[PDB]
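Here, residue 1 is the first one in the sequence, and each next residue gets the next number. When reading the values below, keep in mind they use all heavy atoms of this one structure, side chains included, and skip hydrogens, waters and symmetry mates.
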Amino acid sequence: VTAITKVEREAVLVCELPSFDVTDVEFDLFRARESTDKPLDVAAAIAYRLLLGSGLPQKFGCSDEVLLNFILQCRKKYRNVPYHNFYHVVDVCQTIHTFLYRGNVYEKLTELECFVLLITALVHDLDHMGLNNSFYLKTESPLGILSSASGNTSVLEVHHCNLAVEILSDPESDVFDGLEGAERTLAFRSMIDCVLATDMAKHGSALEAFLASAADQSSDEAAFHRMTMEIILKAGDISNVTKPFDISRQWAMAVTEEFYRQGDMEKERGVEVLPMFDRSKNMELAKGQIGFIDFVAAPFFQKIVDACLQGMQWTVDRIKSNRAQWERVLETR
Ligand SMILES: COc1ccc(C2=NN(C3CCN(c4nc(N)nc5ccccc45)CC3)C(=O)[C@@H]3CC=CC[C@H]23)cc1OC
Ligand SMILES: [Mg+2]
Ligand SMILES: [Zn+2]
């Protein structure tokens with residue numbers, strides 16, 4: 001399929017990104033994009049550098065050549081939407097790295113499992129089209145029909161897995177080619193399982209199952225590793241509120257635009273439009289983020305940190321302080 005080539009290849013290798021430390025919890029992807037004419041080659045380099053620097057691809061007989069083909073193969077599959085673009089999955093990959101190596105979550109998993117997670121971040125939203133699963137079902141869209149007929153409500157997540165598998169059948173872009181037997185099976189199994197678990201419809205059930213496993217010393221060990229990978233991918237996804245406020249705010253600008261556009265399309269089609277998707281209300285960013293923090297993200301991070309993931313306490317602290325900063329935008333309005 002397609003083939004990347006040196007033209008695109010080198011176009012990434014000749015980015016050096018001197019101003020930053022990709023390993024830092026305060027790494028700023030917004031700066032990186034802004035700091036060149038080629039934001040797409042910069043993002044790729046950040047992924048490339050993160051993966052190579054972990055020394056995980058080498059360990060699992062993944063050469064640099066195949067690695068970069070893989071990244072680049074994913075990039076093509078991402079579109080140009082406000083939020084669910086290739087910058088979001090590069091973000092997720094970089095954030096997951098910080099949770100593994102600064103939050104010491106590496107200790108709870110094998111190297112293969114850390115390698116799979118870093119990879120899975122990049123395939124997790126392949127060919128996302130700005131539109132949530134709901135839209136596909138309410139518009140009786142062909143992908144919603146296929147999902148509905150096929151027995152799986154996770155319209156996009158199955159889509160992303162399909163594309164991810166595609167990319168890896170080609171061995172010049174197959175970052176698991178060096179795995180054999182049980183390891184290769186696990187890599188695909190867990191990668192798919194993780195991606196499917198990013199469907200926010202399943203958020204409660206996946207959080208309650210990870211916690212019940214974490215509190216049980218007799219939990220099946222393979223099942224705990226798996227749920228931990230699922231929880232970490234989920235964490236990367238909702239990690240925007242754990243960043244430095246200014247980075248957080250810009251993430252929230254991007255999603256708020258993306259939601260607005262779906263809601264524009266939901267008006268045209270004539271289908272139901274939720275409050276959140278409606279440009280008609282200015283819809284105070286502050287109150288949106290405060291609600292997202294109180295109902296989804298603060299309880300999530302606090303609970304997994306306490307159960308198990310004590311190294312990630314900083315996520316709970318930054319949420320707490322990002323919240324207080326939104327309350328001070330309210331108090332001074
Ligand atoms: C930067 O800031 C955001 C980034 C991503 C998302 C994402 N949001 N969501 C939904 C998650 C659940 N929601 C709310 N639920 C419940 N119980 N209460 C709420 C109260 C107030 C607002 C929302 C909710 C709806 C949105 C996705 O599904 C995206 C796709 C995948 C993962 C997360 C994304 C939201 C952001 O800020 C609002
Ligand atoms: Mg997704
Ligand atoms: Zn995502």
Side-chain angles (χ1 to χ4, degrees), residues 1-2 70-71 73-86 88-93 96 113 116-170 173-176 184-210 223 225-238 255 258-259 261-262 265-266 269 271-272 274 277 296:
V1 76
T2 82
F70 169 82
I71 290 152
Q73 272 302 346
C74 299
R75 181 179 86 198
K76 311 188 151 198
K77 274 59 160 201
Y78 290 89
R79 316 228 292 219
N80 176 264
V81 98
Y83 182 82
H84 289 115
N85 43 68
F86 187 73
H88 160 79
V89 309
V90 174
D91 181 48
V92 172
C93 178
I96 282 160
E113 289 161 356
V116 176
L117 268 177
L118 290 179
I119 288 303
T120 298
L122 296 168
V123 312
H124 110 271
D125 277 312
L126 289 166
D127 185 54
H128 197 301
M129 314 156 184
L131 293 152
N132 76 351
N133 283 341
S134 223
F135 170 87
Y136 293 91
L137 293 161
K138 289 179 309 203
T139 61
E140 282 172 331
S141 179
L143 280 186
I145 292 166
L146 182 35
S147 290
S148 170
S150 183
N152 195 301
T153 179
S154 303
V155 180
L156 290 154
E157 291 73 14
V158 179
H159 188 68
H160 315 307
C161 294
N162 290 323
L163 305 187
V165 160
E166 225 155 288
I167 282 143
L168 307 161
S169 62
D170 186 355
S173 76
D174 184 285
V175 296
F176 308 130
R184 177 146 176 116
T185 301
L186 195 173
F188 279 86
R189 208 11 214 258
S190 64
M191 160 179 96
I192 278 139
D193 274 342
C194 282
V195 173
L196 295 178
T198 66
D199 178 353
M200 292 297 299
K202 295 178 201 151
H203 174 82
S205 87
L207 183 60
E208 310 332 309
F210 171 77
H225 275 242
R226 182 61 45 87
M227 281 176 270
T228 300
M229 298 178 66
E230 290 173 1
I231 272 307
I232 293 300
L233 184 68
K234 283 183 56 45
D237 230 13
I238 65 179
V255 294
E258 181 181 288
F259 290 162
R261 295 192 194 166
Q262 154 174 333
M265 275 159 90
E266 315 200 285
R269 263 78 178 175
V271 306
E272 189 174 13
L274 299 172
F277 294 76
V296 178

Problem - Neighbour count >12 (heavy atoms, 6.0 Å) for atom CD, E140 - result: no
Practice task
Answer yes or no: is there a donor N or O on one side and an acceptor on the other, between the side chain of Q262 and the main chain of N132, under 3.5 Å?
Solution key: yes
Problem - side-chain contact (heavy atoms from CB on, under 4.5 Å) between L143 and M129, worked out - result: CA-CA 12 Å; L143 280 186; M129 314 156 184; 4.1 Å; yes
Handout entry: Residue pair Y83 / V255: nearest heavy atoms and the distance that separates them
Key = CD1-CG1, 3.1 Å
Practice task
Give the C-alpha distance, both sets of side-chain angles, the deciding distance and a yes or no for side-chain contact (heavy atoms from CB on, under 4.5 Å) between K234 and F210.
Solution key: CA-CA 11 Å; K234 283 183 56 45; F210 171 77; over 6 Å; no
Practice task
Keeping the roles fixed (side chain from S154, backbone from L196), state whether a donor-acceptor pair exists under 3.5 Å.
Solution key: no
Fill in the blank from the handout: Scanning both residues in full, the closest heavy-atom pair of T198 with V195 reads OG1-O, 2.6 Å
Exercise for the section: Could you label the plane-to-plane angle of the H160 and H128 rings as parallel, tilted or perpendicular, counting under 30° as parallel and over 60° as perpendicular? Expected result: parallel
Exercise for the section: Drop me the distance from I96's CD1 to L233's CG, to the nearest 0.5 angstrom. Expected result: 5.0 Å
Problem - Euclidean distance, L118 CG relative to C93 SG, rounded to 0.5 Å - result: 5.0 Å
Handout entry: Heavy-atom pair of closest approach, residues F176 and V116
Key = CE2-CG2, 4.2 Å
Handout entry: Under 3.5 Å side-chain donor-acceptor pair for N152 and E157
Key = no
Exercise for the section: Report the C-alpha separation of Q73 and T2 in whole Å, then their side-chain angles, then the decisive distance to 0.1 Å, and conclude whether the side-chain contact (heavy atoms from CB on, under 4.5 Å) test is met. Expected result: CA-CA 9 Å; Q73 272 302 346; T2 82; 2.8 Å; yes
Fill in the blank from the handout: Between the CD1 atom in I71 and the CZ atom in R75, the distance rounded to the nearest 0.5 Å is 10.0 Å
Problem - Minimal non-hydrogen separation, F135 against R269, with atom names - result: CZ-NE, 4.3 Å
Completion exercise
Rounded to the nearest 0.5 angstrom, the CZ-CD distance for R226 and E113 is 7.0 Å
Problem - Exercise: identify the closest heavy-atom pair between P82 and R261 - result: CG-NH1, 3.6 Å
Exercise for the section: Find out whether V81 and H88 are in side-chain contact, i.e. whether some heavy atom of one side chain is under 4.5 Å from a heavy atom of the other. Expected result: no
Handout entry: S134 side, atom OG; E272 side, atom CD - distance, nearest 0.5 Å
Key = 8.5 Å
Problem - Whether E258 side chain and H84 backbone form a donor-acceptor pair below 3.5 Å - result: yes
Exercise for the section: Applying side-chain contact (heavy atoms from CB on, under 4.5 Å), run through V92 and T120 and close with a yes or a no. Expected result: CA-CA 9 Å; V92 172; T120 298; over 6 Å; no
Completion exercise
From the list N85, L126, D127, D125, side chain to side chain contact (heavy atoms under 4.5 Å, CB included) with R79 holds only for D127
Exercise for the section: Would you check if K202 and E230 make a side-chain contact, meaning some heavy-atom pair closer than 4.5 Å? Expected result: no
Problem - Donor-acceptor pair, side chain of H124 and main chain of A121, under 3.5 angstrom - result: yes
Exercise for the section: To the nearest 0.5 angstrom, please state how far the SG atom of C74 sits from the CD1 atom of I119. Expected result: 7.5 Å
